[PDB]
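Down below is the structure, laid out as structure tokens.
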Amino acid sequence: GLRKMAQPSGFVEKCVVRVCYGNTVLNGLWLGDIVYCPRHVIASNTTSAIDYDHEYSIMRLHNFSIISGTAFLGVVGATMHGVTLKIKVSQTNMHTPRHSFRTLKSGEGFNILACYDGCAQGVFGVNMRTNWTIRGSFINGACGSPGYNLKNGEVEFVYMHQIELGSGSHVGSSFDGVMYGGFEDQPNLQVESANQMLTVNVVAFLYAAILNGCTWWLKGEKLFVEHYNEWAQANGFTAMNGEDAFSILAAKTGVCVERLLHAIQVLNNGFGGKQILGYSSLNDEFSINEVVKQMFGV
Amino acid sequence: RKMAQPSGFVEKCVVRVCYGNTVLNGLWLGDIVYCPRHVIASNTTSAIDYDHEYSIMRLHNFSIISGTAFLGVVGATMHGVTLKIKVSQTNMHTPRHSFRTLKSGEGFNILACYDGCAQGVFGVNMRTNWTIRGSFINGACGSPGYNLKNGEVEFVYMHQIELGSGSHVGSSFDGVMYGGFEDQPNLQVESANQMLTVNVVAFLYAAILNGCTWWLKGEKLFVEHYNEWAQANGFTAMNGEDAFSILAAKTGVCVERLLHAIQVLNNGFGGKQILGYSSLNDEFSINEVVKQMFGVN
Ligand SMILES: CC(C)(C)[C@H](NC(=O)C(F)(F)F)C(=O)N1C[C@H]2[C@@H]([C@H]1C(=O)N[C@H](C=N)C[C@@H]1CCNC1=O)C2(C)C
Ligand SMILES: CC(C)(C)[C@H](NC(=O)C(F)(F)F)C(=O)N1C[C@H]2[C@@H]([C@H]1C(=O)N[C@H](C=N)C[C@@H]1CCNC1=O)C2(C)C
């Protein structure tokens, strides 16, 4: 089978805190002696354009309350970096995991720990879409929820939740304070670009299908990558690139990528009542790495 | 969006259980390590006499590792398709917990583990044929299924076998295999899966709450009539329409109008989608819909 999994959340859970300032509560991430959180926690009035330089100049540190579980942390300073605050606290988080910070590229997979009131409530794997939004399930109080990847025994922190667009899509920032997609932490209408289906992931999905004995859709005709990309630009798919990355899957199956590109074109019109590993339509949720990991443990 | 509950409380309980050449996962709670009994079987490609295997078990063949610490085995007893291995060490990270047995259609979380280390977490439903749609390869046995409720962990599933169809079967922690399946390497076939009607209705209510209403008509289908159609078309009966009376009041749409949509939509969406799906979806319970959109349990 093929299931969209999250990487385990235990290491990240110990870092989530509640950040309160004046009349707002949201979540922060406590690493070392710093708590990271969205800067709009200090905005007194969010019904019109926020002058964050002004809000920062009037910010008073005694209005913060930072809570780890049931313990209060002492706040000693706070600086603004893009759309984030780095709040310096008086104790080191002794549960800080081995970590780094990374900025997601388009299509890259990660995990969201959905937090409310400083406490984790759900965890899920997700992909950064080409329009720099994600389909999260975030409601009131979710800001500051962290996105992460586990790699080589290290936690990479990649996302801090910030806003919900009118479409229902979700936008966050890196921990550098750069909002994905250049969206603003401002209460005005913002519209995202059209989403594209991630071709590299659909291809990985079709390989997984072959490996599971689901091959009714597979045919012998190939479609060259340059010809597929001409078709993809006009039909809402990303272009194919990095074909060599599929070598492990092509070897195990004996099916070249260009035969799967041909399949994408035909199956984009619908499955006609058939299913591929349980889906009634093409699926771009799984990367090459996830397919290889779940089928072969590599 | 399909999500799982956080895994941090369960992760501290997973251990590596090795007996001779076999390695799988165990669950360390108090001074007991729970794991599948086939860890002690000498040959798992032919029929297994577990009473024989238990009578020749030698405890020095066990190695149990939590993180990098070795646990000391002092006894082991067999209960159904599980072993309860008593160790000297009490797990100081044992959460408040209970053991519960899943009902047909009930949702829960799997922590997929290998070599005694968690690798992934995902939500699943116990299906009407007592299998789950998991994703496991060699070494996954003993991976635990859990729910977080009322400040405790409910442990509900221990992974055991993969059927020839790819469906997965586990046991409760009292050693009862879900569905009555055997921990034997023989051909066993599951019964036909049914679509969980209550979950489809929740999905359609979620569609209405997101203003996705192209499919919604005005005709009502009485519960008794729907159920007659469902028994012949691979759907479960509608039951407990009262839990949906909160959403019926909130949307102004009665369950009978959704039952009629299921019957119509089961023939296909005709190129349209519902919340991004091209066919009826039974993966989301009323609990999940309400938790994710309204924040309440
Ligand atoms: C959706 C809302 C209309 C409220 C607004 N959106 C837009 O103003 C936009 F459309 F312009 F983006 C919006 O997100 N905010 C308004 C205000 C902050 C942010 C906000 O409250 N964030 C929440 C953090 N706890 C997470 C949200 C809550 C609902 N679901 C979420 O994910 C700031 C931009 C300073
Ligand atoms: C799939 C396999 C053909 C190997 C077999 N299936 C059948 O015998 C059947 F089909 F009948 F069910 C089977 O699951 N097992 C053979 C042997 C144990 C069990 C087994 O290996 N459990 C794994 C635990 N680490 C679970 C994972 C799940 C994914 N793949 C696995 O191996 C026992 C039944 C004693």
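FYI, nothing fancy with the structure tokens labels: chains A, B, ... in order, residues from 1 per chain, ligands from 1 as they appear.
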If we count only C-alpha atoms, what is near residue 34 in chain B at a cut-off of 9 Å, once residues fewer than 5 positions away on the same chain are taken out, given as a count of residues only? 13
List as a count of residues only the protein and nucleic acid residues near residue 259 in chain B, meaning an atom at most 8 Å away when only C-alpha atoms are counted, but skip any in the same chain fewer than 4 places from it. 8
Surroundings of ligand 1 up to 8 Å, based on only C-alpha atoms and all ligand atoms, as a JSON list (two decimals) with N, CA, C and O atoms, in the first residue's frame:
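Output file part.json is given in full below:
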```json
[["chain", "number", "residue", "atom", "x", "y", "z"],
["A", 25, "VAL", "N", -3.29, 35.40, 21.79],
["A", 25, "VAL", "CA", -2.57, 34.17, 22.12],
["A", 25, "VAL", "C", -2.25, 33.44, 20.82],
["A", 25, "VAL", "O", -3.12, 33.33, 19.95],
["A", 26, "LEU", "N", -1.02, 32.95, 20.67],
["A", 26, "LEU", "CA", -0.73, 31.99, 19.60],
["A", 26, "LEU", "C", 0.41, 31.07, 20.05],
["A", 26, "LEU", "O", 0.75, 31.04, 21.24],
["A", 27, "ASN", "N", 1.02, 30.34, 19.11],
["A", 27, "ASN", "CA", 2.06, 29.37, 19.44],
["A", 27, "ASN", "C", 3.45, 29.90, 19.09],
["A", 27, "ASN", "O", 3.61, 30.68, 18.14],
["A", 40, "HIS", "N", 2.80, 39.19, 14.36],
["A", 40, "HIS", "CA", 1.51, 39.83, 14.59],
["A", 40, "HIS", "C", 0.94, 39.54, 15.97],
["A", 40, "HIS", "O", -0.10, 40.13, 16.31],
["A", 41, "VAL", "N", 1.62, 38.74, 16.79],
["A", 41, "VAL", "CA", 1.22, 38.58, 18.18],
["A", 41, "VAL", "C", 1.26, 39.93, 18.92],
["A", 41, "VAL", "O", 0.51, 40.13, 19.88],
["A", 43, "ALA", "N", 0.45, 42.90, 17.58],
["A", 43, "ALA", "CA", -0.41, 43.88, 16.94],
["A", 43, "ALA", "C", -1.68, 44.05, 17.77],
["A", 43, "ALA", "O", -2.43, 43.10, 17.96],
["A", 46, "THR", "N", -5.94, 44.49, 14.48],
["A", 46, "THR", "CA", -5.68, 43.83, 13.21],
["A", 46, "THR", "C", -6.82, 43.97, 12.20],
["A", 46, "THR", "O", -6.99, 43.12, 11.33],
["A", 47, "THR", "N", -7.59, 45.05, 12.29],
["A", 47, "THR", "CA", -8.70, 45.26, 11.36],
["A", 47, "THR", "C", -8.35, 46.19, 10.21],
["A", 47, "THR", "O", -9.22, 46.54, 9.42],
["A", 50, "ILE", "N", -1.35, 47.18, 9.38],
["A", 50, "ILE", "CA", -0.53, 47.18, 10.59],
["A", 50, "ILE", "C", 0.80, 47.83, 10.26],
["A", 50, "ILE", "O", 1.51, 47.39, 9.35],
["A", 137, "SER", "N", -5.26, 22.33, 7.77],
["A", 137, "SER", "CA", -6.50, 22.46, 8.53],
["A", 137, "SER", "C", -6.07, 23.28, 9.73],
["A", 137, "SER", "O", -5.54, 22.74, 10.71],
["A", 138, "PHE", "N", -6.17, 24.59, 9.58],
["A", 138, "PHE", "CA", -5.84, 25.55, 10.62],
["A", 138, "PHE", "C", -7.08, 26.38, 10.90],
["A", 138, "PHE", "O", -7.72, 26.89, 9.97],
["A", 139, "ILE", "N", -7.40, 26.54, 12.18],
["A", 139, "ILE", "CA", -8.49, 27.42, 12.59],
["A", 139, "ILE", "C", -7.91, 28.46, 13.54],
["A", 139, "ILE", "O", -6.69, 28.58, 13.68],
["A", 140, "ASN", "N", -8.79, 29.23, 14.18],
["A", 140, "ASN", "CA", -8.36, 30.21, 15.17],
["A", 140, "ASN", "C", -7.34, 29.63, 16.14],
["A", 140, "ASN", "O", -7.57, 28.59, 16.76],
["A", 141, "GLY", "N", -6.24, 30.36, 16.34],
["A", 141, "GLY", "CA", -5.24, 30.02, 17.35],
["A", 141, "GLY", "C", -4.09, 29.17, 16.85],
["A", 141, "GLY", "O", -3.21, 28.82, 17.65],
["A", 142, "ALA", "N", -4.04, 28.86, 15.55],
["A", 142, "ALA", "CA", -3.06, 27.95, 14.99],
["A", 142, "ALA", "C", -1.74, 28.62, 14.62],
["A", 142, "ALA", "O", -0.77, 27.91, 14.30],
["A", 143, "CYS", "N", -1.67, 29.95, 14.62],
["A", 143, "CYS", "CA", -0.47, 30.62, 14.16],
["A", 143, "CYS", "C", 0.72, 30.23, 15.03],
["A", 143, "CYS", "O", 0.59, 30.01, 16.24],
["A", 144, "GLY", "N", 1.88, 30.14, 14.40],
["A", 144, "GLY", "CA", 3.07, 29.67, 15.07],
["A", 144, "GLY", "C", 3.25, 28.17, 15.00],
["A", 144, "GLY", "O", 4.34, 27.69, 15.36],
["A", 161, "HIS", "N", 3.31, 28.86, 10.90],
["A", 161, "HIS", "CA", 2.02, 29.21, 10.29],
["A", 161, "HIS", "C", 1.64, 30.66, 10.57],
["A", 161, "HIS", "O", 1.80, 31.16, 11.69],
["A", 162, "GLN", "N", 1.08, 31.34, 9.55],
["A", 162, "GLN", "CA", 0.84, 32.78, 9.65],
["A", 162, "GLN", "C", -0.58, 33.22, 9.29],
["A", 162, "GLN", "O", -1.19, 33.97, 10.04],
["A", 163, "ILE", "N", -1.11, 32.80, 8.14],
["A", 163, "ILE", "CA", -2.36, 33.39, 7.65],
["A", 163, "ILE", "C", -3.17, 32.36, 6.89],
["A", 163, "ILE", "O", -2.64, 31.38, 6.36],
["A", 164, "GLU", "N", -4.48, 32.62, 6.80],
["A", 164, "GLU", "CA", -5.38, 31.90, 5.90],
["A", 164, "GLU", "C", -5.93, 32.86, 4.86],
["A", 164, "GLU", "O", -6.45, 33.93, 5.21],
["A", 165, "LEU", "N", -5.79, 32.50, 3.59],
["A", 165, "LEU", "CA", -6.27, 33.35, 2.51],
["A", 165, "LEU", "C", -7.78, 33.18, 2.33],
["A", 165, "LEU", "O", -8.39, 32.26, 2.86],
["A", 166, "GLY", "N", -8.38, 34.09, 1.55],
["A", 166, "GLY", "CA", -9.82, 34.02, 1.35],
["A", 166, "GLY", "C", -10.27, 32.73, 0.71],
["A", 166, "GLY", "O", -11.38, 32.26, 0.96],
["A", 168, "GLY", "N", -9.24, 29.91, 1.50],
["A", 168, "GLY", "CA", -9.04, 28.84, 2.45],
["A", 168, "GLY", "C", -7.63, 28.29, 2.49],
["A", 168, "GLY", "O", -7.33, 27.48, 3.36],
["A", 170, "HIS", "N", -3.50, 28.20, 3.06],
["A", 170, "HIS", "CA", -2.72, 28.58, 4.22],
["A", 170, "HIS", "C", -1.31, 28.99, 3.82],
["A", 170, "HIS", "O", -0.69, 28.35, 2.96],
["A", 171, "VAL", "N", -0.82, 30.05, 4.44],
["A", 171, "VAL", "CA", 0.50, 30.58, 4.16],
["A", 171, "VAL", "C", 1.28, 30.71, 5.46],
["A", 171, "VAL", "O", 0.74, 31.14, 6.49],
["A", 183, "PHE", "N", 3.52, 36.67, 0.34],
["A", 183, "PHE", "CA", 2.29, 37.17, 0.96],
["A", 183, "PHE", "C", 2.64, 38.02, 2.18],
["A", 183, "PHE", "O", 3.74, 37.95, 2.72],
["A", 184, "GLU", "N", 1.68, 38.85, 2.60],
["A", 184, "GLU", "CA", 1.89, 39.79, 3.70],
["A", 184, "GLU", "C", 1.06, 39.39, 4.91],
["A", 184, "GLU", "O", -0.03, 38.82, 4.78],
["A", 185, "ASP", "N", 1.61, 39.66, 6.10],
["A", 185, "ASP", "CA", 0.87, 39.47, 7.35],
["A", 185, "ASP", "C", 0.01, 40.71, 7.62],
["A", 185, "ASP", "O", 0.08, 41.37, 8.65],
["A", 186, "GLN", "N", -0.82, 41.01, 6.63],
["A", 186, "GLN", "CA", -1.69, 42.16, 6.64],
["A", 186, "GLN", "C", -3.11, 41.69, 6.36],
["A", 186, "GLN", "O", -3.32, 40.79, 5.54],
["A", 187, "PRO", "N", -4.11, 42.28, 7.03],
["A", 187, "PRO", "CA", -5.52, 41.90, 6.82],
["A", 187, "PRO", "C", -6.13, 42.58, 5.60],
["A", 187, "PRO", "O", -7.01, 43.45, 5.69],
["A", 188, "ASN", "N", -5.64, 42.23, 4.43],
["A", 188, "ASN", "CA", -6.28, 42.63, 3.19],
["A", 188, "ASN", "C", -6.38, 41.41, 2.28],
["A", 188, "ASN", "O", -5.67, 40.42, 2.46],
["A", 189, "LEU", "N", -7.29, 41.50, 1.32],
["A", 189, "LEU", "CA", -7.49, 40.41, 0.38],
["A", 189, "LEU", "C", -6.19, 40.11, -0.35],
["A", 189, "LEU", "O", -5.52, 41.02, -0.86],
["A", 190, "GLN", "N", -5.82, 38.84, -0.38],
["A", 190, "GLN", "CA", -4.66, 38.40, -1.14],
["A", 190, "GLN", "C", -5.06, 37.13, -1.87],
["A", 190, "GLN", "O", -5.76, 36.28, -1.31]]
```
List all protein, DNA and RNA residues that have an atom no more than 7 Å from any atom of ligand 2, counting only C-alpha atoms and all ligand atoms, and report them as a PyMOL selection string. chain B and resi 24+38+44-45+136-141+159-164+168+183-188
When you look at residue 253 in chain A with a cut-off of 8 Å (counting only C-alpha atoms), what residues show up, excluding the ones that are within fewer than 5 positions of it in the same chain? I need them as a VMD selection string. chain A and resid 207 210 to 211
Kindly save the residues from that selection, with C-alpha atoms included, as an mmCIF file, in the first residue's frame.
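Contents of the output file out39.cif:
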```cif
data_model
loop_
_atom_site.group_PDB
_atom_site.id
_atom_site.type_symbol
_atom_site.label_atom_id
_atom_site.label_comp_id
_atom_site.auth_asym_id
_atom_site.auth_seq_id
_atom_site.Cartn_x
_atom_site.Cartn_y
_atom_site.Cartn_z
ATOM 1 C CA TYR A 207 5.702 3.802 -10.328
ATOM 2 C CA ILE A 210 3.244 -0.617 -11.066
ATOM 3 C CA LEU A 211 5.042 -2.048 -8.027
#
```
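Ranking A:120, A:261, A:19, A:198 by their shortest atom-to-atom distance to chain B, with only C-alpha atoms included, puts A:120 first.
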